[PDB]
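Novice: work.cif is reproduced below (mmCIF, N, CA and C atoms).
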```cif
data_structure
#
loop_
_atom_site.label_atom_id
_atom_site.label_comp_id
_atom_site.auth_asym_id
_atom_site.auth_seq_id
_atom_site.Cartn_x
_atom_site.Cartn_y
_atom_site.Cartn_z
N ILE A 1 0.61 -9.07 -2.49
CA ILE A 1 0.33 -7.64 -2.20
C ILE A 1 1.48 -7.07 -1.40
N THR A 2 2.67 -7.28 -1.92
CA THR A 2 3.88 -6.92 -1.23
C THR A 2 4.53 -5.72 -1.92
N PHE A 3 5.72 -5.32 -1.48
CA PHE A 3 6.47 -4.26 -2.14
C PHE A 3 6.64 -4.60 -3.62
N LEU A 4 6.74 -5.90 -3.91
CA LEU A 4 6.84 -6.41 -5.29
C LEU A 4 5.66 -5.80 -6.07
N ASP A 5 4.45 -6.11 -5.60
CA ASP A 5 3.22 -5.67 -6.25
C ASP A 5 3.18 -4.15 -6.37
N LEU A 6 3.73 -3.47 -5.37
CA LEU A 6 3.83 -2.02 -5.39
C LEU A 6 4.68 -1.56 -6.57
N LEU A 7 5.83 -2.20 -6.74
CA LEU A 7 6.73 -1.90 -7.85
C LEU A 7 6.05 -2.12 -9.19
N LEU A 8 5.44 -3.30 -9.37
CA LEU A 8 4.76 -3.67 -10.64
C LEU A 8 3.62 -2.68 -10.93
N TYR A 9 3.05 -2.11 -9.88
CA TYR A 9 1.95 -1.16 -10.02
C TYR A 9 2.43 0.15 -10.63
N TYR A 10 3.53 0.68 -10.12
CA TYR A 10 4.10 1.91 -10.65
C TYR A 10 4.78 1.67 -12.00
N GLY A 11 5.42 0.52 -12.15
CA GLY A 11 6.14 0.22 -13.37
C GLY A 11 5.24 -0.22 -14.51
N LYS A 12 4.29 -1.10 -14.21
CA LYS A 12 3.38 -1.63 -15.21
C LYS A 12 1.95 -1.38 -14.76
N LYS A 13 1.01 -2.15 -15.30
CA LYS A 13 -0.39 -2.01 -14.91
C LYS A 13 -1.10 -3.36 -14.90
N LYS A 14 -0.41 -4.39 -14.42
CA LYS A 14 -1.00 -5.71 -14.21
C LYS A 14 0.06 -6.69 -13.74
N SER B 138 16.88 -6.26 13.04
CA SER B 138 18.02 -5.76 12.26
C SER B 138 19.06 -5.13 13.18
N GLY B 139 20.22 -4.80 12.64
CA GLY B 139 21.27 -4.20 13.44
C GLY B 139 22.53 -3.97 12.63
N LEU B 140 23.65 -3.80 13.34
CA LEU B 140 24.96 -3.60 12.71
C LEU B 140 25.00 -2.30 11.91
N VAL B 141 24.14 -1.35 12.29
CA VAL B 141 24.05 -0.08 11.58
C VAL B 141 24.37 1.10 12.51
N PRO B 142 25.60 1.63 12.42
CA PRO B 142 26.00 2.83 13.15
C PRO B 142 25.47 4.09 12.48
N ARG B 143 25.24 4.00 11.17
CA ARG B 143 24.67 5.09 10.40
C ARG B 143 24.07 4.54 9.10
N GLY B 144 22.77 4.68 8.96
CA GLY B 144 22.09 4.26 7.75
C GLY B 144 20.76 4.96 7.61
N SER B 145 20.70 6.19 8.11
CA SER B 145 19.47 6.95 8.13
C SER B 145 19.21 7.63 6.79
N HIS B 146 18.94 6.83 5.77
CA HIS B 146 18.50 7.37 4.49
C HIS B 146 17.10 7.92 4.65
N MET B 147 16.17 7.03 5.00
CA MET B 147 14.80 7.41 5.35
C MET B 147 14.06 6.22 5.94
N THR B 148 14.71 5.52 6.86
CA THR B 148 14.15 4.34 7.48
C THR B 148 13.06 4.74 8.48
N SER B 149 11.84 4.90 7.98
CA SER B 149 10.74 5.41 8.78
C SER B 149 9.40 5.14 8.10
N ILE B 150 9.25 3.95 7.53
CA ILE B 150 8.01 3.55 6.88
C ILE B 150 6.87 3.47 7.91
N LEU B 151 7.24 3.36 9.18
CA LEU B 151 6.28 3.26 10.27
C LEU B 151 5.43 4.52 10.39
N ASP B 152 5.98 5.64 9.92
CA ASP B 152 5.27 6.92 10.00
C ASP B 152 4.30 7.09 8.83
N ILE B 153 4.36 6.17 7.88
CA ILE B 153 3.48 6.24 6.73
C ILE B 153 2.19 5.50 7.03
N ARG B 154 1.21 6.23 7.54
CA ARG B 154 -0.06 5.65 7.92
C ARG B 154 -1.21 6.40 7.26
N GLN B 155 -2.23 5.67 6.85
CA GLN B 155 -3.36 6.25 6.13
C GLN B 155 -4.34 6.89 7.10
N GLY B 156 -4.62 8.16 6.89
CA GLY B 156 -5.59 8.87 7.70
C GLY B 156 -6.99 8.34 7.48
N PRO B 157 -7.92 8.58 8.43
CA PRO B 157 -9.28 8.04 8.37
C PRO B 157 -10.07 8.54 7.15
N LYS B 158 -9.67 9.68 6.62
CA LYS B 158 -10.34 10.26 5.46
C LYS B 158 -9.35 10.42 4.31
N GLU B 159 -8.19 9.81 4.46
CA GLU B 159 -7.10 9.99 3.52
C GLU B 159 -7.18 8.96 2.39
N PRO B 160 -7.05 9.44 1.14
CA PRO B 160 -7.07 8.59 -0.05
C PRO B 160 -5.93 7.57 -0.06
N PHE B 161 -6.28 6.32 -0.34
CA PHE B 161 -5.33 5.22 -0.36
C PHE B 161 -4.23 5.45 -1.40
N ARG B 162 -4.56 6.23 -2.43
CA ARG B 162 -3.61 6.54 -3.48
C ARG B 162 -2.46 7.39 -2.94
N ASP B 163 -2.79 8.38 -2.13
CA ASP B 163 -1.79 9.25 -1.52
C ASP B 163 -1.00 8.49 -0.46
N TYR B 164 -1.68 7.59 0.23
CA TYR B 164 -1.04 6.74 1.22
C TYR B 164 0.02 5.86 0.57
N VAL B 165 -0.36 5.17 -0.50
CA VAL B 165 0.55 4.29 -1.22
C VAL B 165 1.70 5.07 -1.85
N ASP B 166 1.41 6.28 -2.31
CA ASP B 166 2.44 7.13 -2.92
C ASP B 166 3.62 7.31 -1.97
N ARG B 167 3.33 7.65 -0.72
CA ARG B 167 4.37 7.87 0.28
C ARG B 167 4.93 6.54 0.77
N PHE B 168 4.04 5.57 0.93
CA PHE B 168 4.41 4.25 1.44
C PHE B 168 5.46 3.61 0.54
N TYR B 169 5.14 3.51 -0.74
CA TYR B 169 6.03 2.89 -1.70
C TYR B 169 7.37 3.63 -1.80
N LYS B 170 7.31 4.96 -1.86
CA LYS B 170 8.53 5.77 -1.98
C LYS B 170 9.46 5.55 -0.80
N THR B 171 8.90 5.52 0.40
CA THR B 171 9.69 5.35 1.61
C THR B 171 10.17 3.91 1.74
N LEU B 172 9.29 2.96 1.45
CA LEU B 172 9.61 1.54 1.55
C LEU B 172 10.70 1.17 0.54
N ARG B 173 10.68 1.83 -0.61
CA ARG B 173 11.71 1.66 -1.62
C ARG B 173 13.09 2.06 -1.08
N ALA B 174 13.09 2.98 -0.11
CA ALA B 174 14.34 3.46 0.48
C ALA B 174 14.57 2.87 1.87
N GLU B 175 13.67 1.98 2.29
CA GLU B 175 13.81 1.30 3.58
C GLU B 175 15.05 0.41 3.60
N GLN B 176 15.75 0.41 4.72
CA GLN B 176 16.99 -0.33 4.86
C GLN B 176 16.72 -1.78 5.23
N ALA B 177 16.26 -2.54 4.25
CA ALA B 177 15.98 -3.95 4.41
C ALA B 177 16.02 -4.63 3.05
N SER B 178 16.21 -5.94 3.04
CA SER B 178 16.21 -6.70 1.80
C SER B 178 14.78 -6.89 1.28
N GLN B 179 14.64 -7.11 -0.02
CA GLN B 179 13.33 -7.13 -0.67
C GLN B 179 12.35 -8.08 0.01
N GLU B 180 12.75 -9.34 0.21
CA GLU B 180 11.85 -10.33 0.80
C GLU B 180 11.53 -10.00 2.25
N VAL B 181 12.45 -9.32 2.90
CA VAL B 181 12.26 -8.95 4.29
C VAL B 181 11.22 -7.85 4.39
N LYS B 182 11.41 -6.80 3.61
CA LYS B 182 10.52 -5.67 3.65
C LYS B 182 9.16 -6.00 3.05
N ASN B 183 9.13 -6.89 2.05
CA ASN B 183 7.87 -7.23 1.39
C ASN B 183 7.00 -8.09 2.29
N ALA B 184 7.64 -8.84 3.17
CA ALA B 184 6.92 -9.62 4.17
C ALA B 184 6.21 -8.69 5.14
N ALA B 185 6.88 -7.59 5.47
CA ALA B 185 6.30 -6.57 6.32
C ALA B 185 5.24 -5.76 5.57
N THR B 186 5.48 -5.55 4.28
CA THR B 186 4.61 -4.74 3.43
C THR B 186 3.18 -5.21 3.49
N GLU B 187 2.98 -6.49 3.21
CA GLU B 187 1.64 -7.06 3.13
C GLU B 187 0.88 -6.85 4.44
N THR B 188 1.60 -6.83 5.54
CA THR B 188 1.00 -6.60 6.84
C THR B 188 0.77 -5.11 7.09
N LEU B 189 1.82 -4.32 6.92
CA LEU B 189 1.79 -2.88 7.21
C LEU B 189 0.77 -2.16 6.34
N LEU B 190 0.68 -2.57 5.08
CA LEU B 190 -0.21 -1.94 4.12
C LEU B 190 -1.65 -1.97 4.62
N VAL B 191 -2.07 -3.13 5.11
CA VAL B 191 -3.41 -3.28 5.64
C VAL B 191 -3.49 -2.71 7.06
N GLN B 192 -2.44 -2.94 7.84
CA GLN B 192 -2.39 -2.51 9.23
C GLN B 192 -2.60 -1.01 9.37
N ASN B 193 -1.82 -0.24 8.62
CA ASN B 193 -1.82 1.21 8.76
C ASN B 193 -2.88 1.86 7.87
N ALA B 194 -3.78 1.05 7.35
CA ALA B 194 -4.95 1.54 6.63
C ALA B 194 -6.11 1.73 7.61
N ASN B 195 -6.90 2.78 7.41
CA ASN B 195 -8.01 3.09 8.32
C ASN B 195 -9.10 2.03 8.22
N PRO B 196 -9.90 1.83 9.29
CA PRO B 196 -10.89 0.75 9.36
C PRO B 196 -11.78 0.66 8.12
N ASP B 197 -12.22 1.82 7.63
CA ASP B 197 -13.08 1.87 6.46
C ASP B 197 -12.38 1.28 5.24
N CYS B 198 -11.19 1.79 4.95
CA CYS B 198 -10.39 1.30 3.83
C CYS B 198 -10.01 -0.16 4.06
N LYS B 199 -9.63 -0.48 5.29
CA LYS B 199 -9.25 -1.84 5.66
C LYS B 199 -10.38 -2.83 5.38
N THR B 200 -11.61 -2.40 5.65
CA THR B 200 -12.78 -3.23 5.39
C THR B 200 -12.91 -3.54 3.90
N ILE B 201 -12.63 -2.54 3.08
CA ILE B 201 -12.67 -2.70 1.63
C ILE B 201 -11.55 -3.64 1.17
N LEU B 202 -10.36 -3.42 1.71
CA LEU B 202 -9.19 -4.23 1.37
C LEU B 202 -9.44 -5.71 1.69
N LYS B 203 -10.12 -5.96 2.79
CA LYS B 203 -10.41 -7.33 3.21
C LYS B 203 -11.51 -7.96 2.36
N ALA B 204 -12.43 -7.13 1.87
CA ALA B 204 -13.53 -7.61 1.05
C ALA B 204 -13.03 -8.08 -0.31
N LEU B 205 -11.93 -7.48 -0.75
CA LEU B 205 -11.26 -7.91 -1.96
C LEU B 205 -10.40 -9.13 -1.68
N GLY B 206 -9.61 -9.05 -0.62
CA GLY B 206 -8.77 -10.15 -0.22
C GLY B 206 -7.48 -10.21 -1.02
N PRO B 207 -6.57 -11.13 -0.67
CA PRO B 207 -5.30 -11.31 -1.38
C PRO B 207 -5.48 -11.74 -2.83
N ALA B 208 -6.71 -12.09 -3.20
CA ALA B 208 -7.03 -12.49 -4.56
C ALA B 208 -7.05 -11.29 -5.50
N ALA B 209 -7.19 -10.10 -4.93
CA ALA B 209 -7.16 -8.88 -5.71
C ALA B 209 -5.82 -8.19 -5.51
N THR B 210 -5.40 -7.40 -6.49
CA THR B 210 -4.07 -6.81 -6.46
C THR B 210 -4.13 -5.35 -6.01
N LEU B 211 -2.97 -4.72 -5.87
CA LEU B 211 -2.88 -3.34 -5.39
C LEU B 211 -3.72 -2.41 -6.26
N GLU B 212 -3.63 -2.61 -7.58
CA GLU B 212 -4.37 -1.80 -8.54
C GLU B 212 -5.86 -1.79 -8.22
N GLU B 213 -6.37 -2.95 -7.83
CA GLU B 213 -7.77 -3.09 -7.47
C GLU B 213 -8.07 -2.30 -6.20
N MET B 214 -7.15 -2.38 -5.25
CA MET B 214 -7.28 -1.66 -3.98
C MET B 214 -7.34 -0.15 -4.22
N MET B 215 -6.48 0.32 -5.12
CA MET B 215 -6.41 1.73 -5.47
C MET B 215 -7.75 2.23 -5.99
N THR B 216 -8.40 1.40 -6.79
CA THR B 216 -9.69 1.73 -7.38
C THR B 216 -10.82 1.47 -6.38
N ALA B 217 -10.61 0.50 -5.50
CA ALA B 217 -11.60 0.13 -4.50
C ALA B 217 -11.84 1.26 -3.52
N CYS B 218 -10.76 1.89 -3.07
CA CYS B 218 -10.85 3.01 -2.14
C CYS B 218 -11.53 4.22 -2.81
N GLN B 219 -11.62 4.18 -4.13
CA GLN B 219 -12.24 5.25 -4.89
C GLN B 219 -13.75 5.07 -5.00
N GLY B 220 -14.27 3.96 -4.49
CA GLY B 220 -15.70 3.75 -4.45
C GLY B 220 -16.08 2.29 -4.53
N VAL B 221 -16.61 1.89 -5.68
CA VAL B 221 -16.97 0.51 -5.91
C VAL B 221 -16.16 -0.06 -7.08
N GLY B 222 -15.61 0.84 -7.89
CA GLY B 222 -14.78 0.43 -9.00
C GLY B 222 -15.50 0.52 -10.33
N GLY B 223 -16.77 0.18 -10.33
CA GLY B 223 -17.55 0.23 -11.55
C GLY B 223 -19.03 0.36 -11.30
N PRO B 224 -19.59 1.57 -11.44
CA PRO B 224 -21.03 1.81 -11.28
C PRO B 224 -21.84 1.14 -12.39
N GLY B 225 -23.14 1.00 -12.18
CA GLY B 225 -23.98 0.35 -13.17
C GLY B 225 -23.87 -1.16 -13.12
N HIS B 226 -23.15 -1.65 -12.13
CA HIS B 226 -23.01 -3.09 -11.91
C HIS B 226 -23.73 -3.45 -10.62
N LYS B 227 -24.72 -4.34 -10.73
CA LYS B 227 -25.61 -4.66 -9.62
C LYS B 227 -26.37 -3.40 -9.22
N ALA B 228 -27.51 -3.17 -9.85
CA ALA B 228 -28.28 -1.96 -9.64
C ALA B 228 -29.02 -2.00 -8.30
N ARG B 229 -28.25 -1.89 -7.23
CA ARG B 229 -28.81 -1.83 -5.89
C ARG B 229 -28.80 -0.39 -5.41
N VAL B 230 -27.64 0.25 -5.48
CA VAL B 230 -27.53 1.66 -5.15
C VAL B 230 -27.58 2.52 -6.42
N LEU B 231 -26.69 2.24 -7.37
CA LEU B 231 -26.64 2.95 -8.65
C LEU B 231 -26.04 2.07 -9.73
#
```
What would the structure in this file look like if it were written as structure tokens?
Specialist:
Amino acid sequence: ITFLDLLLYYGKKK
Amino acid sequence: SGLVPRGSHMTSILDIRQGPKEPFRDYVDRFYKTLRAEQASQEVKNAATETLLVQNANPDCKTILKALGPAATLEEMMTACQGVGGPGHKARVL
């Protein structure tokens, strides 16, 4: 649940 | 950190805090945008992220975030702050 996850959230949806 | 005489792009993620009645979606919107421009390396800032994200969330939202736990992802949190995520499941309230 890091900035990584933040990026994947805006970029993708899983 | 240090060695920075000038690097004020927008190093101020600390000001991105979720209000007590503020939607987690709007919180993350500003959080991610600012953190993306934060003057730190990915692993450095992401280590802070996991803490700050929950830290600067209001008690109510924080309670929801903890009920999901690290086993759930940001997407789940976004929907979690929106209520329960899926009505008609466990007919206790609705």
Novice: Can you write out as JSON lines which residues of chain A fall within 7 Å of chain B, alongside each residue's closest atom pair and its distance in Å to one decimal, counting only C-alpha atoms and ordering rows by chain and ascending residue number?
Specialist:
```
{"residue": "A:1", "atom": "CA", "partner": "B:187", "partner_atom": "CA", "distance": 5.5}
{"residue": "A:2", "atom": "CA", "partner": "B:183", "partner_atom": "CA", "distance": 4.8}
{"residue": "A:3", "atom": "CA", "partner": "B:183", "partner_atom": "CA", "distance": 4.8}
{"residue": "A:4", "atom": "CA", "partner": "B:183", "partner_atom": "CA", "distance": 6.8}
{"residue": "A:5", "atom": "CA", "partner": "B:211", "partner_atom": "CA", "distance": 6.6}
{"residue": "A:6", "atom": "CA", "partner": "B:169", "partner_atom": "CA", "distance": 6.5}
{"residue": "A:9", "atom": "CA", "partner": "B:212", "partner_atom": "CA", "distance": 6.5}
```
Novice: Could you go through chain A and tell me which residues DSSP, when run on the backbone, assigns to alpha helix (DSSP H), listing them as a VMD selection string?
Specialist: chain A and resid 3 to 11
Novice: Please identify all polymer residues within 6.5 Å of residue 146 of chain B, counting only N, CA and C atoms, omitting same-chain residues fewer than 2 positions from it, and present them as a list in words.
Specialist: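 Listing them by chain and then by number gives residues 144, 148 and 174 of chain B.
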Novice: Between atom C of residue 178 of chain B and atom CA of residue 10 of chain A, what is the distance, to one decimal in Å?
Specialist: 18.3 Å
Novice: Which is closer to residue 141 of chain B than all the others in B:194, B:177, B:153, B:202, using only C-alpha atoms?
Specialist: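 Counting only C-alpha atoms, the residue closest to residue 141 of chain B is B:177.
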Novice: One number please: atom N of residue 198 of chain B to atom CA of residue 152 of chain B, in Å, one decimal.
Specialist: 18.0 Å
Novice: Suppose you want the space between atom CA of residue 197 of chain B and atom CA of residue 225 of chain B; what is it in Å?
Specialist: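 Rounded to one decimal, the two atoms are 22.5 Å apart.
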Novice: Once 6 Å is added on each side, what are the centre and the three edge lengths, in Å to one decimal, of the axis-aligned box enclosing the listed atoms of segment 1-13 of chain A? Present them as JSON.
Specialist:
```
{"center_x": 2.9, "center_y": -3.6, "center_z": -8.3, "size_x": 19.9, "size_y": 23.0, "size_z": 26.1}
```
Novice: Is there a way to complete segment 3-14 of chain A with N, CA, C and O atoms and then write that out as a PDB file, in the frame of the given file?
Specialist:
```pdb
ATOM      1  N   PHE A   3       5.720  -5.320  -1.480  1.00  0.00           N
ATOM      2  CA  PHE A   3       6.470  -4.260  -2.140  1.00  0.00           C
ATOM      3  C   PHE A   3       6.640  -4.600  -3.620  1.00  0.00           C
ATOM      4  O   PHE A   3       6.679  -3.705  -4.466  1.00  0.00           O
ATOM      5  N   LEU A   4       6.740  -5.900  -3.910  1.00  0.00           N
ATOM      6  CA  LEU A   4       6.840  -6.410  -5.290  1.00  0.00           C
ATOM      7  C   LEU A   4       5.660  -5.800  -6.070  1.00  0.00           C
ATOM      8  O   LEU A   4       5.845  -5.061  -7.034  1.00  0.00           O
ATOM      9  N   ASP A   5       4.450  -6.110  -5.600  1.00  0.00           N
ATOM     10  CA  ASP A   5       3.220  -5.670  -6.250  1.00  0.00           C
ATOM     11  C   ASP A   5       3.180  -4.150  -6.370  1.00  0.00           C
ATOM     12  O   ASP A   5       2.678  -3.610  -7.357  1.00  0.00           O
ATOM     13  N   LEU A   6       3.730  -3.470  -5.370  1.00  0.00           N
ATOM     14  CA  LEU A   6       3.830  -2.020  -5.390  1.00  0.00           C
ATOM     15  C   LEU A   6       4.680  -1.560  -6.570  1.00  0.00           C
ATOM     16  O   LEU A   6       4.296  -0.648  -7.313  1.00  0.00           O
ATOM     17  N   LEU A   7       5.830  -2.200  -6.740  1.00  0.00           N
ATOM     18  CA  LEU A   7       6.730  -1.900  -7.850  1.00  0.00           C
ATOM     19  C   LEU A   7       6.050  -2.120  -9.190  1.00  0.00           C
ATOM     20  O   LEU A   7       6.056  -1.224 -10.040  1.00  0.00           O
ATOM     21  N   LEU A   8       5.440  -3.300  -9.370  1.00  0.00           N
ATOM     22  CA  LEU A   8       4.760  -3.670 -10.640  1.00  0.00           C
ATOM     23  C   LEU A   8       3.620  -2.680 -10.930  1.00  0.00           C
ATOM     24  O   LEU A   8       3.264  -2.447 -12.077  1.00  0.00           O
ATOM     25  N   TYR A   9       3.050  -2.110  -9.880  1.00  0.00           N
ATOM     26  CA  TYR A   9       1.950  -1.160 -10.020  1.00  0.00           C
ATOM     27  C   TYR A   9       2.430   0.150 -10.630  1.00  0.00           C
ATOM     28  O   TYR A   9       1.799   0.702 -11.524  1.00  0.00           O
ATOM     29  N   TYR A  10       3.530   0.680 -10.120  1.00  0.00           N
ATOM     30  CA  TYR A  10       4.100   1.910 -10.650  1.00  0.00           C
ATOM     31  C   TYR A  10       4.780   1.670 -12.000  1.00  0.00           C
ATOM     32  O   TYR A  10       4.714   2.522 -12.893  1.00  0.00           O
ATOM     33  N   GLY A  11       5.420   0.520 -12.150  1.00  0.00           N
ATOM     34  CA  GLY A  11       6.140   0.220 -13.370  1.00  0.00           C
ATOM     35  C   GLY A  11       5.240  -0.220 -14.510  1.00  0.00           C
ATOM     36  O   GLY A  11       5.404   0.220 -15.648  1.00  0.00           O
ATOM     37  N   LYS A  12       4.290  -1.100 -14.210  1.00  0.00           N
ATOM     38  CA  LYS A  12       3.380  -1.630 -15.210  1.00  0.00           C
ATOM     39  C   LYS A  12       1.950  -1.380 -14.760  1.00  0.00           C
ATOM     40  O   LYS A  12       1.696  -0.507 -13.945  1.00  0.00           O
ATOM     41  N   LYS A  13       1.010  -2.150 -15.300  1.00  0.00           N
ATOM     42  CA  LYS A  13      -0.390  -2.010 -14.910  1.00  0.00           C
ATOM     43  C   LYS A  13      -1.100  -3.360 -14.900  1.00  0.00           C
ATOM     44  O   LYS A  13      -2.255  -3.450 -15.323  1.00  0.00           O
ATOM     45  N   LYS A  14      -0.410  -4.390 -14.420  1.00  0.00           N
ATOM     46  CA  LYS A  14      -1.000  -5.710 -14.210  1.00  0.00           C
ATOM     47  C   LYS A  14       0.060  -6.690 -13.740  1.00  0.00           C
ATOM     48  O   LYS A  14       0.858  -7.153 -14.577  1.00  0.00           O
TER      49      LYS A  14
END
```
